[PDB]
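Residue numbers (the authors' numbering), protein chains in the order written: chain D, 11 to 530; chain C, 11 to 530; chain A, 11 to 530. To start, the structure under review is shown below, and the notes come after it.
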Amino acid sequence: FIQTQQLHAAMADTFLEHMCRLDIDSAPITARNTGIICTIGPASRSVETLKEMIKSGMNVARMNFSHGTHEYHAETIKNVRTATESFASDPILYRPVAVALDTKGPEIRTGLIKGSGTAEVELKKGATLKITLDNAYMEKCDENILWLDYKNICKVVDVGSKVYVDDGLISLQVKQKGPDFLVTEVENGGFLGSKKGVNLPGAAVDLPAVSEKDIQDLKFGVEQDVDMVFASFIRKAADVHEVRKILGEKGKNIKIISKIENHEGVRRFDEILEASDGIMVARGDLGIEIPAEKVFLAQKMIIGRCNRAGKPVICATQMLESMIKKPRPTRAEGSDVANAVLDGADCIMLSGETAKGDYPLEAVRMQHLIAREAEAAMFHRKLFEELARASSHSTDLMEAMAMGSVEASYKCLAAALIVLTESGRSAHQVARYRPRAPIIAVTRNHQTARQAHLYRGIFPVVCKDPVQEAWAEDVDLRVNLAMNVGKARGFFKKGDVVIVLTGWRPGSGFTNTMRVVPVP
Amino acid sequence: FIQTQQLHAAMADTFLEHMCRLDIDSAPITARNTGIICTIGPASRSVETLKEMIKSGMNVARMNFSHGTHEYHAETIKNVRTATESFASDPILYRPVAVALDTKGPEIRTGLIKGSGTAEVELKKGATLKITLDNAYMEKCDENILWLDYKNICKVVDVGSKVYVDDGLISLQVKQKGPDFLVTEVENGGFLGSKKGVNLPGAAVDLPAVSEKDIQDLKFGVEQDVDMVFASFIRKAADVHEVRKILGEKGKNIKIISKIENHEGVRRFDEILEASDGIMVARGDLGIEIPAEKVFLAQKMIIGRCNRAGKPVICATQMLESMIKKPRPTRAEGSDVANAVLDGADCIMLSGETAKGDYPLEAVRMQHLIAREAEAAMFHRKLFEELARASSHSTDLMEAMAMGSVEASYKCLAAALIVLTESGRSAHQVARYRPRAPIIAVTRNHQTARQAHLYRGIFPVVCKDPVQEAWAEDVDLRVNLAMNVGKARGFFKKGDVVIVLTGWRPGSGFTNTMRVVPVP
Amino acid sequence: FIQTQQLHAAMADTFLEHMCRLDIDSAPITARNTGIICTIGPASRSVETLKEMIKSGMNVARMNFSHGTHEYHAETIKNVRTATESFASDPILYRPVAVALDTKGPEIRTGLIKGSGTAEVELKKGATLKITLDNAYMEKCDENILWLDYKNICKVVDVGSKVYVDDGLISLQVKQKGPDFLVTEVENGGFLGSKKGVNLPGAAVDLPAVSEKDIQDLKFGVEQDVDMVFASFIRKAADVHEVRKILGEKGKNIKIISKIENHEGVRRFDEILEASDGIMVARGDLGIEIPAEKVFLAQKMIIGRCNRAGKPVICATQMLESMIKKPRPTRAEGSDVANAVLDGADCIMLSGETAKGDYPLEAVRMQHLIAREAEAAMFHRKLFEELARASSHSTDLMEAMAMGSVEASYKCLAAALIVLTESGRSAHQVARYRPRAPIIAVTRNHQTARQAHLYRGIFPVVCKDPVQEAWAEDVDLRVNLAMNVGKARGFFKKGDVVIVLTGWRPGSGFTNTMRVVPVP
Ligand SMILES: [Mg+2]
Ligand SMILES: [Mg+2]
Ligand SMILES: [Mg+2]
Ligand code: NA
Ligand code: NA
Ligand code: NA
């Protein structure tokens, strides 16, 4: 008899002994708690494919507005919703699917090489290269002078600073500083193209929070009723407030996930986290700005502080990169996904793997499989104690209900926690203290359900029955709905035990009532 | 502002830092969780005095059947019930009081010195002394031949074994065994009187679990409707079973507290504990049997394992000895009481301090003051974690409800936990996990209320209202009773938060429903 | 086979499990680490008795200057040294004995009742009592007017303040305050005699750190070559500095132990600890000033903070009080001693038990027996981690060696740590991290050897051999001397393993060299 769910490891006294007890023959559970975010694109925007994306485990469809027109993304969103609603007939097996808009964000771009968009020049290691803001050169870039569109650049870099060009492919060092130019030396050379991205490592870039294009896209996202916004290049709390402003009163319920992308974002993370609804570790752009070997420090730091605050955190970028061209991932990639879940990430993301690669369904299925194994391999008892330690300054009543309920699910090895919530707040607090059992959240709020995918372990279930007049009956209706969903999904069966959280009265502001109930 | 309840020490990371934070200016709360057991005797058996004992804090009246006739104890028991019911006119300020019978137990006795009950002889260190079982000498004891009444004594001692006479004052070493005699050498000499008690350190004494007198006294105990029995000289599980048997069906609900008094009882504690409803550390006799400098080891081992199992443990003997003749205790005694509570004892006991001393009320009031202080000074967070770890093999549902409730009570600093229970089981499990806030247990079972004092922190409240047809109205009735009691007794005021444990339906076997609820 | 030295409990994961593993059949080691401080008086001041005192365990002879002339105390001190040196014949078994001077300190006293020393009045509760500083009534005290000798009293008390008279027997409450009188109401009444001590609970009393008598006695102590002073009624760092100043240049090596005796001493303990060489928890006076049920809080706080700092701490007063008249202690007293050793007290003390009681030597022997048992029942692994955690602000090199040495002694179950030291500092740093094995400190400084008894576990050994020319030979000589002492006293035998701390070169300044060495 080998226990399931890495429960032998769970009983260890030390982290070391916990690790020593990880058992490849210990079966995980059916429920998968880590949300999977999929970037949609040419390889996956067909209604036929999106249906398989959902059945393969996609939870959130990410629209990258770095490219594509409003008409292009509108059609993808429609297909996503068409695919999503194709399962609506059976509300027991219906998976809510959320829509996320990833903004282009502010950028620094170079000019044209010899008036051409495809021309290139070779920069040689050690050579000289003057960066200019004189627009007489914006379409006349060459190996000796390079124009770019960030006019305050000289105000935020210093002599000795570095300028990266084209996703870090080329690095320049600022030797001299002038009124509207910089004289730099070519550290790493290579081929310089046209309208390439520029990164300024260490600089406090004073670009605005949103570009003029972001404002249009954000308004588009309001029109299209997106569930969340992945805001790019967030460097300070003010940037978040500005995105909140643009979304305004009509988008006040769309969640703002700040993408941490450069040094300042990491350094000012605490205030960014406080202002945001969630966080994305944008490891791709972060690894261009900061040294690559330091990215794991930022990831673990950010996930830890997000878990501490109970705010959703996303791990993104190149998690299964090799699966763009291959149907099986490398060992480093399976490691990276598992350690992302062990770190504490609420969601893991796929970008090129699902937007353009040849095996989008295999990438989704792999992440699903790894996450379930990593979820059981967590050291829940230690994790719970340390989260409770971190938040002990708070005497919040809902936190108390969450902690007691998660504590109870540990003790009796409950099969799930059923939480009735309209806003989702009660379910969020339960997910914050990291039960191993899945949280079945019943809501009559369709958006609450879609946004639930940002929190680890929340399985949203939409109740479409009218509110019963007798509160007790209305509670039991929704509880039995969760009971049926759980049985159908294979989360538990008759005779199992679940933790049920509800409101005592219709007027209760949170789930102030907890019950241990057998599954009927 | 200086925090109350040693709550600054409560937030410490380590046991050392918790101790360093103990603050004499941090006032304890009103509620006192530790049960005070008072031996009733000439100094305290009057109705007038028994009333002041209840007001001072007595929770259990102990009748010591080492002396006294059934008539004497019957009247003592009557005066206790008379004094107790004198407050029954106010079901809100009524304090239940338990009745305990402490059996005399089996004994080893010597004979008469030179035919007189008052004669004596001097045993000299190194001299020879023959112990005989020949009844020809049972009234011819002298400094050469000593008769005693335990006839299997030769079957349980060896050459080299020690024999103790007169509560350890005299000790002998076996030098020769015979068929019905022992040749001994005097180790500790002294003056030997008649009919002194004998102790066999290290021996498995095959004396019956109960004496003829004990069987009579247990019969009397059932007739008198006693709540519990303190069973003397328990050496093995079989002994506990014989007491159980003797009590039979008629006494099946009387709690059996095994007194650990000698080496074997300590060595076989686990089986004894499993068979018993509770334990008493009978330090007095234990220190006669084993070296007095080791008693604290057994006391701490026994309390710890009782805490582990959730079974009541009583610390007894000389806790406030000097107050038999003085109105204030020594510093060793004040510290002994506080350390007994820090150890985890459910109840502390008074023997001569209340049975015959000059200041029985001051003794009770001193244990009351010390316990409250020591209770605040516990390290609840670590205690809870370690109790959870010790019982994590169990998945019992009531344990899950209790652990989640205590956990919740810690998070939101609940002023109390309210438990609705008829048998008391649900409340016993809350107490087992040692919250700092008091446990207000509402029961319609008077016996359940009296026996609740065996468990740390359970304030029993007898509901005398009639059951209501509507389960919700009956629950709400008893919950409001606990509210009114707590407000009248100063445990909490309007606006404070409490944890409320109830059965979801009339047929629920335990308190499967937990709520966080503000005090109205 | 049962493990020794509670080594099974030592392998526990939690304090609960450690507590559950304490085993009365696990034999302790021969060496006793806790120092025994004996108050010498009429019962114990003869050379013959002092010889027995030493043989039974006395490490420090305490002279209470509360009473007695310089001539009387000088003769007692002389007898201590005569008895101590009667064993000097054998330098392998010789045991240094320290001499401590405990000052009388400042006092507040009342006048005579009705012009008599032997005459009393009854203060009925609720009556009125006027305190006056008018010397007219200094010999005319009665149940209406009460004189005392503290002229500034009105400046340190308020309306509502309390005044205690005759060691807390009588409690007054200041209801009206004049410029040289106080109108009080009697709270606790009693018979008031003449020239009784007064205590001002909670007051910032401004009596001098030392009295005129204290100054003469401290000077006497310097002439008498005492090893340490017990300074009474220490309320603030400045008081310590005054005592230090009085001892002056010639007494700069005499260690100052501050006696904490009232509220201000506990609240300002930190600045007192920083300025003191050591601390005494003077529980008797402390429980007169502060409510007796709080004393254990102050004891455990003070001991924890002294351990944290590595400074000696003494637990004093009424540990075996009943043994003044009885040859065996109570269970509360045995427990009090054990728990003081478990708290972490470097030394435990006897006062009247040895100074005037009927059983001085039985008292010493009982403390010796208890300490060894309690020393084994410590949770060394947890204690070491927490001490290391508390002191991590220090990167001291000798501290590093000490921790490394204790760690090593735990790992290989070393039978002893051998430390070569002239000042004792290296041995002190080892002692503060609490090895379970004894510390044999070899010193050529006789005063170092005597003062070493202040630190848990330091067995001092005076080297009397001249200094060898070859440093390596002089080291080998002293190490071997330690080996023979350890073997002679039964600390270890050939083939056991010990940790040896030495100086690499004669001027290293501390033990910078650690070796694991088998006993030859
Ligand atoms: Mg970017
Ligand atoms: Mg007995
Ligand atoms: Mg004093
Ligand atoms: Na909610
Ligand atoms: Na129950
Ligand atoms: Na040294």
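C-beta: ideal position from N, C-alpha, C; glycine also.
Assignment of alpha helix (DSSP H) within the segment 288–352 of chain A, counting only whole runs of 4 or more residues, yields 293–299, 305–319 in chain order. Per DSSP, reduced to three states, the secondary structure at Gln461(A) is helical. Counting along the chain, no beta strand (DSSP E) covers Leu122(C), and no H or E run does either. Collapsing the DSSP output to three states places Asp112(C) in a strand. Between the alpha carbons of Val57(D) and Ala84(D) lies a distance of about 13 Å. Comparing alpha carbon positions, the residue from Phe502(A), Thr120(A), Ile155(A) closest to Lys161(A) is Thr120(A).
Contact annotation: in the segment 340–351 of chain A, residues whose CB is within less than 7 Å of a CB in chain C are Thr340, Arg341, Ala342, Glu343, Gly344, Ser345, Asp346, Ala348, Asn349. Residue environment: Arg399(D) is assigned as exposed (fewer than 16 neighbouring CB atoms within 10 Å of its CB, all protein chains considered). With respect to the 8 Å criterion, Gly45(C) and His463(C) are classified as neighbours on the basis of their beta carbons. The beta carbons of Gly434(C) and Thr405(C) sit no closer together than 8 Å. Within the model, the alpha-carbon separation for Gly354(C) versus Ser415(D) is close to 26 Å. Look at the segment 400–415 of chain C: the residues with a C-beta under 7 Å from a C-beta of chain D are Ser402, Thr405, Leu407, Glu409, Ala410, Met411, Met413, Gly414, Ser415. Between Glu132(D) and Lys187(D), the alpha-carbon positions lie close to 24 Å from each other. Secondary structure at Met21(C): coil, using DSSP grouped into helix, strand and coil. Annotation: Cβ neighbours of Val507(D) in chain C (cutoff 9 Å, chain order): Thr405, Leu407, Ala410. In the displayed model, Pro189(C) falls within coil according to three-state DSSP, outside both helix and strand. By the neighbour-count criterion, in which 16 or more other beta carbons inside 10 Å mark a residue as buried, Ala98(C) falls on the exposed side. At a cut-off of 8 Å between beta carbons, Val193(C) makes no contact with chain D. With respect to chain A, the C-beta atom of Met73(C) has no partner C-beta closer than 8 Å. Residue pairing of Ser268(D) in beta bridges, as defined by DSSP: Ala241(D), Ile289(D).
Taking a C-beta distance under 8 Å as the contact criterion, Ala348(C) and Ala326(C) do not qualify as a contact pair. For ligand 4, no non-hydrogen atom lies closer than 7 Å to the CB of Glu396(C).
Chain-order list of chain D residues neighbouring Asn522(C): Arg525, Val526, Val527, by C-beta distance under 9 Å.
Residue pairing by DSSP places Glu132(D) opposite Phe201(D) in a beta bridge. A direct Cα-to-Cα measurement between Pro530(A) and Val374(A) gives close to 34 Å. Note that the C-beta distance between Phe243(A) and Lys269(A) is below 8 Å. The beta carbon of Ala53(C) lies closer than 8 Å to those of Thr59, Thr364, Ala365, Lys366, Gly367, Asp368, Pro370 in the same chain, with the five residues before and after it left out. Any heavy atom of ligand 3 within less than 7 Å of a residue's beta carbon puts that residue on the list, which reads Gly115(A), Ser242(A), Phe243(A), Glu271(A), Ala292(A), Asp295(A). Residue-level contact check: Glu132(C) does not touch chain D, since none of the beta carbons of chain D fall below 8 Å from its beta carbon. Scanning its chain for C-beta atoms nearer than 7 Å, with the 5 sequence neighbours on each side dropped, one finds around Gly467(D) the residues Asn43, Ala441, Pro445, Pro448, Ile449, in chain order. Rounded to whole angstroms, the separation of the alpha carbons of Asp486(C) and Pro101(C) is 17 Å. In the structure shown, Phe230(A) falls within a helical segment according to DSSP collapsed to helix, strand and coil. With three or more CB-CB distances shorter than 8 Å, the segment 201–219 of chain C counts as touching the segment 295–305 of chain C. Per DSSP, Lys140(C) is one residue of the beta strand (DSSP E) stretching across 138–142. One Cα belongs to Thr138(A), the other to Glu271(A), and the distance between them is close to 29 Å. A straight-line Cα-Cα distance of about 25 Å links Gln328(D) and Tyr82(D).
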